[PDB]
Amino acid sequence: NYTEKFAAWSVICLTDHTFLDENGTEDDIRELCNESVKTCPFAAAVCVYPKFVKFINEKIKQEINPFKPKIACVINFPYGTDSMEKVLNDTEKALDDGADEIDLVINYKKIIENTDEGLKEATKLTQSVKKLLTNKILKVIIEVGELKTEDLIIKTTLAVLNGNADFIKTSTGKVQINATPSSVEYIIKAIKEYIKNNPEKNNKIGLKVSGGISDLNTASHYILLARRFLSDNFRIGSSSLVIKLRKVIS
């Protein structure tokens, strides 16, 4: 089944291979990084908590030289409720430790509870973080499974894009509802509106679909949505997908 193997190969190249079990150890991170480069197609990134960024940048880069997948670090994660000061301090430390990309949760609870103030706060936090991230990718997690409504998903997406987010990320994977085709469609609607109003940002904005993506067919579905309606510029976030896809290729 070469068609499936070809799709599987392409999808690994777009996947952020993820480990976000808070009680995890260097052993878990070593296994994650080895998996990301096991055989030929390498994952786009490894995605971890800030506490493990140094280990990857130092230890893993010493064991695997060169180590190609980018180091993506989550931030303000999963709850989105840290002060701007803490988020910025944590981000500076993560960058110091070797982080290449930042997957940042905004305060979606405040957007739900007190929308206008929450949207302004999300814009401001995203922008402040972006100032630390020249020529680095900032992905902003909007938590679509909590926002829920078309109106909040679109408004939140617009708010963070106006804060100069590079990517919109659907979900933390830490709440019950993750990406669905509908909420991805709403994000795409919002990005298109942002681009229309900011033409210089065309082909500069990415989408990362994360949470509950564990099979090739579903990964392909979302890629196709981005390709048809939206278009580096697309990622999958999964803790399991790469392992599955390597088996498909073998």
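Residue indices: 1-based, along the sequence shown.
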Report summary line: What lies unmodelled of the deposited sequence between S231 and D232 amounts to 4 to 9
Query - Given 108-116 and 172-180, the range whose Cα B-factors average higher in the PDB entry - result: 108-116
Query raised in the report: Mean CA B-factor: is it higher for 127-135 or for 163-171?
Result: 127-135
Report summary line: Max C-alpha B-factor within the set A45, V48, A219, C40 falls on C40
Requested in this report: Could you check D90, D100, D96, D82 and tell me which one carries the biggest Cα B-factor in the deposited entry?
Outcome: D96
Query raised in the report: Thinking about Cα B factors across the chain, which third does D151 belong to?
Result: middle
**Report entry** Record-listed C-alpha B factor of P66: chain third
**Finding:** highest
Query raised in the report: Within this chain, which third does the Cα B-factor at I236 fall in: lowest, middle or highest?
Result: lowest
Query raised in the report: Relative to the other modelled residues in the chain, which third contains the C-alpha temperature factor of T25: lowest, middle or highest?
Result: highest
Query raised in the report: Can you tell me which third, lowest, middle or highest, the CA B-factor of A226 falls into for its chain?
Result: highest
